[PDB]
Amino acid sequence: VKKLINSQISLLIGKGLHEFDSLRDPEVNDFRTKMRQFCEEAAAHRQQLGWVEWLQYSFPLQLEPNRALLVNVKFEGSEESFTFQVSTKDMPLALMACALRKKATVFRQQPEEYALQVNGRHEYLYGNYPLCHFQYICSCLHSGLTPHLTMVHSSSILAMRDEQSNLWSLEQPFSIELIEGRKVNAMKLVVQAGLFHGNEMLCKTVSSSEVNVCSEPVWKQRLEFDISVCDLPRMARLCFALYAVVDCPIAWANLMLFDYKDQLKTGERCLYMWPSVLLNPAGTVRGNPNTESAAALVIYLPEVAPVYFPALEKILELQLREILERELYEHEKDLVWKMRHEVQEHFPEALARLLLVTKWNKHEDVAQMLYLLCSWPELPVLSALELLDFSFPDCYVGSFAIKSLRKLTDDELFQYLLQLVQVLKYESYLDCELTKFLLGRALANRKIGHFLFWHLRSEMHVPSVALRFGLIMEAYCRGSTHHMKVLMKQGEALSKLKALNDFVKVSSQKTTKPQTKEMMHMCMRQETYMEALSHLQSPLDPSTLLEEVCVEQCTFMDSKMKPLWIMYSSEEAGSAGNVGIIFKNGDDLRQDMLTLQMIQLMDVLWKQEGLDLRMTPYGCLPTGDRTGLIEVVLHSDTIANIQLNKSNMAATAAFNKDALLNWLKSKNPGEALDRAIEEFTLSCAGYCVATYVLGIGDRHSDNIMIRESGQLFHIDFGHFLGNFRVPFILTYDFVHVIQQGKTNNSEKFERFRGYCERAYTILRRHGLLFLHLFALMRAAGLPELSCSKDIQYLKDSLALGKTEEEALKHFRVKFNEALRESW
Ligand SMILES: FC(F)c1nc2ccccc2n1-c1nc(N2CCOCC2)nc(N2CCOCC2)n1
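Numbering-wise, the sequence shown is residues 109 to 173, 187 to 230, 235 to 291, 316 to 335, 339 to 398, 415 to 445, 452 to 479, 482 to 494, 510 to 517, 522 to 919, 929 to 1027 according to PDB author numbering.
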């Protein structure tokens, strides 16, 4: 069995475990054994959890950030169901009391023994919360639907639990010998080397001698650095660039000067370099795994004595501030450092600014900073996120930052998971506090575990992270054997969708769409495909169950990559078991995921201030190499499709401007139309503010969709942050709907401007949260989130320098400009 598990892990993570063994690497070997132990302890703990605690782990509650209501309740193993009237303010317990009282009268005769499952989903209602605080009930109220729930007894939950078991002395200048290279080029070669602590140089860079593009180049020269060996900070990295000149970059390579056991490195090293686009301090400190073809540098680290970095106990041994403390001059820097005790004492949240003023290239000053740091009070989550930036390379700072993030709720962690995973790319060593933090949290919440897995799995085709990410996924698997098998099922479904999508691509260039679609259906109806594609948890949302694939309703779309549109149904889920996914292969989905996650965050922040813009936060999840899934919002269509203005159709208009309004009218007869116009106005405000703030341009009728409820949302975000200064967009046909069809309607239109202003001003108040998250996202390597000007785009769009009064006036001008332009 131990053999079988290992083969399953290798298959799941997309990398053979034997490959880790073959590295003969102590750091890898250490990581694997420590993390495996940690993860196995988490699993022991989980297996004895109380049944409510188990539910909390497996099906974490889905909550929103007086009225009558009908609810249908059945018991687990029964056809018989009952419809009860309850209040939105009632607790699930009261509901469960009704259900049991009804059961006992039927059967002729305790609520705390039960939880309520949402029919056909892995989602439960339990706890001390009014029904309307549950996302599901809340959702049912707005769409107008009846909640369907199933009474599940504690013994049944426990069966699920059960089925799922498993030094200071060295004053000589730092120096290296550059020995030789092995490489490709057209000119002379040079090696530039710098010593970095994060983004900051610890001293000047020092260049190599120019040697002809001949060879197999052979330097054999001492490069000496303008820094003492005792002043190298613990997280010092040495960064190289190999290039050509008569500039033409060739390659780069980084390494930590100390190893994962804190020992200073000696002597010779062979550096397999990464091909270029000159110094790249934020680039990985691990060699290029393509040793067959990568250019290679050999250096020698001279034996300076073995010295390990000094222990903490040894480290420990060794006005107008406010008016500025809200980029700084050197004298301003000097007062901050001078008054570092006051900073700790009366301005602890200004820790980052103090860290940025310490001289990381002098060990006495670092020991000073560290001394303060070790008694520094915990900071809020917002402050802690800033400290995860690459600007804060020191391990003690890193550790402090994680310590401060431990108070993150699961809902917050989930919201910031994408960025936390991306920060892993900044890590210097395999065994680190972030990895342990993410793994423990993942093992204590299955939803965390699910998305941690997919974020890591979706980048296994990236050589620079394959090893790190592979190792973490292995560790995770040791910690939950059952969930590994659930995840393997999803991977099997994704393997099949790829093969099917490849077929569809080929067929679409040879025959008519009707013919390709029929062939797609025959392929899907093969036993191997019916079995692979049915009965899985959605990678988009593990609480959504994808039961039986409805082949007859599957198709594909006409765009370049021919994305697949896959529908599912489930008898048990009734009608909320009718769900769709899109499989897309050929495009990088990371940018779309980021854009949707930031819009979802806006929706959270708006709702926390009592502003519900009726947004549509659907899933998007990269799963592999230019591969991933998109959640289908049903009962929606594109603005362009609605505006095709076909004859012999409900929405038949005298003027194209009336097409959308007419469409809305046909889906929302009578009284209902007014609320639909309201849903459209609210969502339109939300999306107009979001796409402006994030600089999403190229918005048109083919990438804007509308729900039959009136709710508008966006699809296919190819660009953001003004990378293909985007204006605020007001579209005429939308303004026409907002104005209820009327040419003049300032009452409705100005209500809509109010919504826009209220949404925009709320985001500004959280501007720093967006900034810190985008900062962390720079680790991802998206070409549209690659430098400062990308970030500056967000600063400008949020007008963060300005007072709220100025910001709003500025916004009002952009909005008014948008309205003029509206024809
Ligand atoms: F290529 C398209 F699949 C596509 N790429 C997307 C990237 C991010 C988000 C959504 C994306 N979609 C997408 N997403 C969707 N969704 C996803 C949201 O629910 C409605 C259906 N539909 C489409 N199309 C249907 C109508 O006309 C154009 C294609 N396309």
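Think of the CB as a built atom: it goes at the ideal place given N, C-alpha and C, for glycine as much as any other residue.
Best match in the options for proximity to residue i [C-alpha to C-alpha]
i	options	result
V343	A469, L216 and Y591	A469
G457	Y474, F392 and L494	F392
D911	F953, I891 and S318	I891
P369	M339, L868, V358 and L515	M339
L666	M844, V160 and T141	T141
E873	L856, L221 and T604	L856
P737	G814, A694 and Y251	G814
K1013	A1022, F978, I995 and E961	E961
residue 1029	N253, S467, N422 and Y611	The requested residue 1029 is not part of the displayed model; the chain covers only 109 to 1027.
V381	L327, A637 and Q321	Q321
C627	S675, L647, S690 and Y428	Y428
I761	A388, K691 and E573	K691
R331	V472, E352 and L347	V472
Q614	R132, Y249 and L986	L986
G635	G122, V136 and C147	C147
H650	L784, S578 and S729	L784
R512	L638, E537 and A727	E537
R982	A419, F585 and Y251	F585
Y524	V552, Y249 and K946	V552
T357	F323, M387 and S367	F323
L816	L829, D782 and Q838	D782
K693	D820, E866, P658 and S675	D820
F426	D415, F139 and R386	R386
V774	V660, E238 and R246	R246
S770	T818, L824, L789 and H830	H830
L1004	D430, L975, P463 and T847	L975
Segment limits, beta strand (DSSP E) that includes residue i
i	result
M762	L759 to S764
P817	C815 to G819
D736	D736 to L741
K372	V370 to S380
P417	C416 to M424
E436	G435 to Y440
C391	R389 to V397
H278	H273 to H278
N193	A189 to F196
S733	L731 to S733
N-terminal and C-terminal residue of the alpha helix (DSSP H) that residue i is part of
i	result
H1014	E1008 to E1025
residue 81	Absent from the model: residue 81. The displayed extent of the chain is 109 to 1027, so no value can be given.
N836	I834 to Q838
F698	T676 to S703
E873	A867 to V888
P213	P213 to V227
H153	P134 to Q155
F587	Counting along the chain, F587 falls outside any alpha helix (DSSP H), and DSSP gives it neither H nor E.
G644	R641 to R652
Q164	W159 to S166
Own chain, CB closer than 8 angstroms to residue i, minus 5 neighbours either side, in chain order
i	result
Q260	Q170, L171 and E172
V592	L550, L568 and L582
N351	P455, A456, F585 and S586
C749	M715, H716, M719, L759, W760, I761 and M762
Any non-hydrogen atom of ligand 3 within 7 angstroms of residue i CB
i	result
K1013	Judged by which ligands are present, ligand 3 is missing from the structure shown, whose ligands are ligand 1.
Other residues of its chain near residue i: CB distance less than 7 angstroms, five sequence neighbours each side excluded
i	result
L603	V576
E201	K195
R663	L619 and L625
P417	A393, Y395, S444, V445 and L452
residue 311	For residue 311, nothing is modelled; it lies in the interval where the chain passes from 291 to 316 with no residues in between.
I328	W371, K372, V472, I473 and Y474
Cβ neighbours of residue i in the same chain (closer than 6 angstroms, five flanking residues each side left out)
i	result
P812	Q795 and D798
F932	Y887, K1018, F1019 and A1022
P455	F348 and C391
residue 404	The gap in the chain between 398 and 415 takes in residue 404, so it carries no coordinates here.
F1015	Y964
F205	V192 and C219
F632	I597
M752	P758
Every unbroken alpha helix (DSSP H) inside the region 953-1008 [4 residues or more] | Under the rule that a run must span 4 or more residues, the alpha helix (DSSP H) segments found entirely inside the region 953-1008 read 971-981 and 992-1001.
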